[PDB]
Amino acid sequence: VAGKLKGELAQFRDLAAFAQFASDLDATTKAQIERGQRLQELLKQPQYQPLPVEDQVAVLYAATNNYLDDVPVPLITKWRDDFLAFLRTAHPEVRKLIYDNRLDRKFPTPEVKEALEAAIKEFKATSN
Amino acid sequence: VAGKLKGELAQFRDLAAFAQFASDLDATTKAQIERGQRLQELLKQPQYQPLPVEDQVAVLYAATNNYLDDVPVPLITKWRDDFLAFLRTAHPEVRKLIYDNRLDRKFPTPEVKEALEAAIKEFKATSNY
Amino acid sequence: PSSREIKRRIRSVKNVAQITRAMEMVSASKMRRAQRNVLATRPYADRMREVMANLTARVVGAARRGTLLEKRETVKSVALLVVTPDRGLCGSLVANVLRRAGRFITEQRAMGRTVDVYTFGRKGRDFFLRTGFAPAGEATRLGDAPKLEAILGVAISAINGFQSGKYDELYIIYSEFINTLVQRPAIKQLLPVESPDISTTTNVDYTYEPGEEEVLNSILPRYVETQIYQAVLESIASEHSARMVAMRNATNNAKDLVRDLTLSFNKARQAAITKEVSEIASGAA
Amino acid sequence: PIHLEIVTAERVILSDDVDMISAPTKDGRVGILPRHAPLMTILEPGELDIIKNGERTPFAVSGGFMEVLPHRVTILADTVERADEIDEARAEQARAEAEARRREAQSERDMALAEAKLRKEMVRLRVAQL
Amino acid sequence: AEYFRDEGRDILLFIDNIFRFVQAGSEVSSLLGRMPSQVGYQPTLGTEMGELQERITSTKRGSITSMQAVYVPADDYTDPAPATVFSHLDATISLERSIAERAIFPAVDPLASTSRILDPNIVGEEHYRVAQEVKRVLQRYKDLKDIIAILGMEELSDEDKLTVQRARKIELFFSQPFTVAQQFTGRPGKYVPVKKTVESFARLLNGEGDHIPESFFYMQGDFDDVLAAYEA
Numbered sequence: 393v394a395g396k397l398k399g400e401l402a403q404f405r406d407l408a409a410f411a412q413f414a415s416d417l418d419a420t421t422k423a424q425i426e427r428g429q430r431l432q433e434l435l436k437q438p439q440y441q442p443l444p445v446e447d448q449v450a451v452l453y454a455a456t457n458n459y460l461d462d463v464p465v466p467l468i469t470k471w472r473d474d475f476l477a478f479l480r481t482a483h484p485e486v487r488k489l490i491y492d493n494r495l496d497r498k499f500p501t502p503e504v505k506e507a508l509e510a511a512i513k514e515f516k517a518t519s520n
Numbered sequence: 393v394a395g396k397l398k399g400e401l402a403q404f405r406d407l408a409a410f411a412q413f414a415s416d417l418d419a420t421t422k423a424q425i426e427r428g429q430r431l432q433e434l435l436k437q438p439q440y441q442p443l444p445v446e447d448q449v450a451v452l453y454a455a456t457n458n459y460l461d462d463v464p465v466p467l468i469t470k471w472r473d474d475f476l477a478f479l480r481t482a483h484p485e486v487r488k489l490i491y492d493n494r495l496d497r498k499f500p501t502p503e504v505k506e507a508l509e510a511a512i513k514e515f516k517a518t519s520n521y
Numbered sequence: 002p003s004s005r006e007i008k009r010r011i012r013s014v015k016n017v018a019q020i021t022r023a024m025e026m027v028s029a030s031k032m033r034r035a036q037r038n039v040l041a042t043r044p045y046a047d048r049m050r051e052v053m054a055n056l057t058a059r060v061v062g063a064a065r066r067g068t069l070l071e072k073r074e075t076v077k078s079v080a081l082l083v084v085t086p087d088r089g090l091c092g093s094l095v096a097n098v099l100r101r102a103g104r105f106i107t108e109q110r111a112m113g114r115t116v117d118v119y120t121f122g123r124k125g126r127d128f129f130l131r132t133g134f135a136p137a138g139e140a141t142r143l144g145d146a147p148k149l150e151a152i153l154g155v156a157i158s159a160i161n162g163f164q165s166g167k168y169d170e171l172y173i174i175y176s177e178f179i180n181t182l183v184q185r186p187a188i189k190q191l192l193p194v195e196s197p198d199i200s201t202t203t204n205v206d207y208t209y210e211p212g213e214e215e216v217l218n219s220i221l222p223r224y225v226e227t228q229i230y231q232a233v234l235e236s237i238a239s240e241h242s243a244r245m246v247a248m249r250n251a252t253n254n255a256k257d258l259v260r261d262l263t264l265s266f267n268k269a270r271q272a273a274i275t276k277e278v279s280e281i282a283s284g285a286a
Numbered sequence: 002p003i004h005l006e007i008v009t010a011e012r013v014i015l016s017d018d019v020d021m022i023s024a025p026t027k028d029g030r031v032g033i034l035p036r037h038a039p040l041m042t043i044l045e046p047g048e049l050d051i052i053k054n055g056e057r058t059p060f061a062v063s064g065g066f067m068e069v070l071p072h073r074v075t076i077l078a079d080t081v082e083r084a085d086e087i088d089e090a091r092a093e094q095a096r097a098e099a100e101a102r103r104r105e106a107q108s109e110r111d112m113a114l115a116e117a118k119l120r121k122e123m124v125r126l127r128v129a130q131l
Numbered sequence: 237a238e239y240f241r242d243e244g245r246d247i248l249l250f251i252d253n254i255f256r257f258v259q260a261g262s263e264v265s266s267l268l269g270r271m272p273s274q275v276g277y278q279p280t281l282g283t284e285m286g287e288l289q290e291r292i293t294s295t296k297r298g299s300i301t302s303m304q305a306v307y308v309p310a311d312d313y314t315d316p317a318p319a320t321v322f323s324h325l326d327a328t329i330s331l332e333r334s335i336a337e338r339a340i341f342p343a344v345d346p347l348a349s350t351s352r353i354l355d356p357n358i359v360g361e362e363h364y365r366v367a368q369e370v371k372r373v374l375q376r377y378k379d380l381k382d383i384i385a386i387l388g389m390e391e392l393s394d395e396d397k398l399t400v401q402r403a404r405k406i407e408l409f410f411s412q413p414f415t416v417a418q419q420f421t422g423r424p425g426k427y428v429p430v431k432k433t434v435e436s437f438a439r440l441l442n443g444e445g446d447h448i449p450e451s452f453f454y455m456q457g458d459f460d461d462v463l464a465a466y467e468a
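Protein sequence lines correspond, in order, to chains A, B, C, D and E. The numbering of the first sequence is the UniProt record's numbering, which starts it at 393 and goes up by one. The numbering of the second sequence is the UniProt record's numbering, which starts it at 393 and goes up by one. The numbering of the third sequence is the UniProt record's numbering, which starts it at 2 and goes up by one. The numbering of the fourth sequence is the UniProt record's numbering, which starts it at 2 and goes up by one. The numbering of the fifth sequence is the UniProt record's numbering, which starts it at 237 and goes up by one.
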């Protein structure tokens, strides 16, 4: 899940210079900047709240598969906290199956993809 | 010969910031930048290829005077190489004449001047750029 | 403070200063060509203005004062023409004209009149899109030395909206070329009031072979169109002058920063050499 | 012997002296002369001729206005394209308008200033560690 | 030189690149093993520069004036060697090649060269006034470099065209034919006293010299010399 994250975020570190003070860029660079901001915002964490591996994989799969474009930047953190709360309360079985086959060579198993995209869609319907 | 070269290279170094803007400038400034680029391309030299004094004098006489203006910039080095080959094979007497009176107080004498001008004109006519 | 990063900073700021000097001289060239174009275009408006003076002097009947001659009562809707630079780095010129447009809109809304703005140049269009009030008509990518055909695309739309009653009054805001150091915005009207160029100094009765109505209908659009052309060309000259001045100031600031960074780098080098020599001396002892 | 001045938005065409004008007025062609009576008239897409000691040049005004007074005649031709311009297309003129203009008068200028802005923007934050 | 000073004469002591004296002292101190100081220079830098350069003084009997070339390490006027030298300097002349392409013999940049004695009390009121005026017009001309180059002479406003016009004539009038330059150029030598220079430059600024075209102040002494010679 993190290879695409790292590759996408690498480009932001380069072409943030134009992001800074120019609003006359091309569409591709705008897309790269706007996608990089989403990722670096995800890495913002408060203190004394470690995220277990399954939660990190879930949120990062969501953000990497473009499911986290509609959410505005200032609310990404509250969105992610609500996502953790929804997983803890509504569907702990998606967490259990992610943690059960986190060591599988092909992590995106069809059974894993279902109940994960279903769960995020249910969350999105429930909240906003 | 080299006073003009030094002056033109200094002028180019003054305006060197306009290499990526040379076309979009005054006519005189464009001419100066073009001449500077031609001279700098002319000063490029491969390794283990020393040029004798008369050869350098002839090349800089050509370059300082408006002779390489027709030549495109990327081909200045090839121009120099084949012009030298031409002088070596076609006009040895011009090289000998330049070398003989190199120490003259007024080097551009009428005989050496006209011989060199004829040689360079002949080379430009024979060659295409 | 490492004596090497400061060298990189000095190199970068020196490159900034050099590119800015290039910007300054090219912008000076554009400003001079623009001023030449202003002078060349000046005679046409210079002649049409007394034509407007005479025609306004002749036409006094309110009923026959139709088309752009209708000083319509109970003003409801007003249109404004804003002209901005195509690109940035112009200095405070864009800030001035956009602030003028904003206060204009606020004042017109204070009178309860709906406003519509047509933007010349990308910056005005983008500013008005971001404010949330979409311009009705925009003409971007305008050339350095534009032809009147380019401004027609907005002028004919404005006058069609005027005639149809959609807009009642027409204004234009543009960066007036007061001097090569100062370029303030200036508001002008496009509802010919009395053509105050030379008032009615000339008094010669003309024959209108097309007819009064036909003459006025044909000439008034042309007069407002050449007024718009003059404003746009004046704004281009102001843009180039303002960019030249802004780049001159930017080059001076870059050179001052080069001096400051050179001083810091020198101090860093002296401190580094002192640390070097002190450490080796201590190791000796 | 009247001060003819053919003007245009982009520039002034001519301001020389003239013996006769062949003005294509809307409702009918009218001639102008040294001391002509006052007239001010619209033009239509048509053909305007001027006589220089018996030489005719087809200016071919595409429309505009004209004001006539007994000291000068002013042609406010909105769009005038001299049909007496062989240089046009053949050398400069429209040919220049095609290559000497709208190729480097704005396009080369546009991308040159764009590129300068590019390197400016990149170096502004290649130094952003101060 | 001190013998000739003790004889009551006035002596010029030319030292070539006193920075070499400083670094020779630094090397000697390092060889003796003394602890280095603040760049590696000798710890006794101030005292060494005081033993020298304090015998260069105007005593009652005679005087030793000096003109010491100085090399700035890198370009740091704050470096300890040029700093300690400047602590013992009463004047500074910045010769410039830019004044040498335009063939003026004293290639002195008037806007960078300074001198402590240039104040009203010592050199008098008129000398200081004319010196300040010359510096002012030269500074204006340096500033208007950009106006003249970017745009051209037409943009120059009234009283600022005149300033540049006078700046040209001032820059040329600084040129002087030296008695030792009669081999390089052939013009006879000229020694202009200070008061003559003050009067000449005052006249050039508040009056005469505008109707005379420039390039005629080239290699002239007093204003009277240029006037009489090149107004015929």
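Even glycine gets a Cβ: it sits at the ideal position worked out from N, Cα and C.
query	result
Inter-residue Cα distance where the pair is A408 (chain A) and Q130 (chain D)	14 Å
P484 (chain A) versus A477 (chain A): straight-line alpha-carbon distance, rounded	10 Å
Neighbouring residues, chain D, relative to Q412 (chain A) (Cβ below 9 Å)	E122, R125, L126, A129
Those residues which DSSP pairs with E6 (chain D) across a bridge	D:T75
Where the segment 204–220 of chain C meets chain D: residues whose CB sits under 8 Å from a CB there	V205, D206, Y207, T208, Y209, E210, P211, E215, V216, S219, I220
Sufficient close CB pairs (3 or more, under 8 Å) joining the segment 56–71 of chain C to the segment 455–465 of chain B	no
Continuous alpha helix (DSSP H) stretch holding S165 (chain C): start and end	Here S165 (chain C) belongs to no alpha helix (DSSP H), and DSSP marks it neither H nor E.
N- and C-terminal bounds of the alpha helix (DSSP H) containing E68 (chain D)	Not the alpha helix (DSSP H): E68 (chain D) falls in the beta strand (DSSP E), residues 65–70.
Closest by C-alpha distance to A385 (chain E), when choosing among C:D117, C:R123, C:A23	C:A23
Start and end residues, beta strand (DSSP E) containing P346 (chain E)	Here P346 (chain E) belongs to no beta strand (DSSP E), and DSSP marks it neither H nor E.
is_contact[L149 (chain C), chain D] using C-beta, thresh 7 Å	yes
Rounded C-alpha distance that separates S266 (chain E) from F250 (chain E)	27 Å
Given 8 Å, three or more beta-carbon pairs between the segment 451–463 of chain E and the segment 403–415 of chain E	yes
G92 (chain C) (DSSP reduced to helix, strand or coil)	coil
Same chain, Cβ closer than 8 Å to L417 (chain B), five either side skipped, listed in chain order	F410, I425
Paired residues, beta bridge with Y175 (chain C) - DSSP	C:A187
For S63 (chain D) and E86 (chain D), the rounded distance between their alpha carbons	15 Å
CB contact flag (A137 (chain C), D169 (chain C), <7 Å)	no
Residue-level contact to chain C via CB, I43 (chain D), 7 Å cutoff	yes
Short Cβ contact (7 Å threshold) for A285 (chain C) with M271 (chain E)	no
Chain D contact residues for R10 (chain C), given Cβ-Cβ distances below 8 Å	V128, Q130, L131
Ordered list of beta strand (DSSP E) runs contained in the segment 80–143 of chain C, each at least 3 residues	115–121
In DSSP terms, what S330 (chain E) is bridged to	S330 (chain E) is not bridged to any residue.
Cβ of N38 (chain C) within 7 Å of any chain E Cβ	no
Segment limits, alpha helix (DSSP H) that includes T518 (chain A)	509–518
Enclosing alpha helix (DSSP H) for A272 (chain C) [first to last residue]	213–285
Sub-7 Å separation of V428 (chain E) and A403 (chain E) beta-carbons	no
Cβ-based contacts, 8 Å cut-off: residues of the UniProt region "Disordered" (89–110) of chain D near chain B	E105, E109, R110
Per DSSP, cross-strand counterpart(s) of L495 (chain A)	For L495 (chain A), which the question treats as bridged, DSSP gives no partner whatsoever.
Backbone secondary structure at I87 (chain D) - three-state DSSP	coil
Inter-residue CB distance, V451 (chain A) and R494 (chain A) (contact presumed, cutoff 8 Å)	The Cβ separation is near 14 Å, so there is no contact.
Pairwise C-alpha distance: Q403 (chain B) and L380 (chain E)	21 Å
Nearest to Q289 (chain E) (by Cα), restricted to the options E:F255, E:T314, E:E263	E:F255
Between the CA atoms of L434 (chain A) and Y440 (chain A) - distance to the nearest angstrom	16 Å
Integer-rounded CB distance, given that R352 (chain E) should sit under 8 Å from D326 (chain E)	5 Å
Local Cβ density within 10 Å of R43 (chain C), reported as buried at 16 or more and exposed below that	exposed
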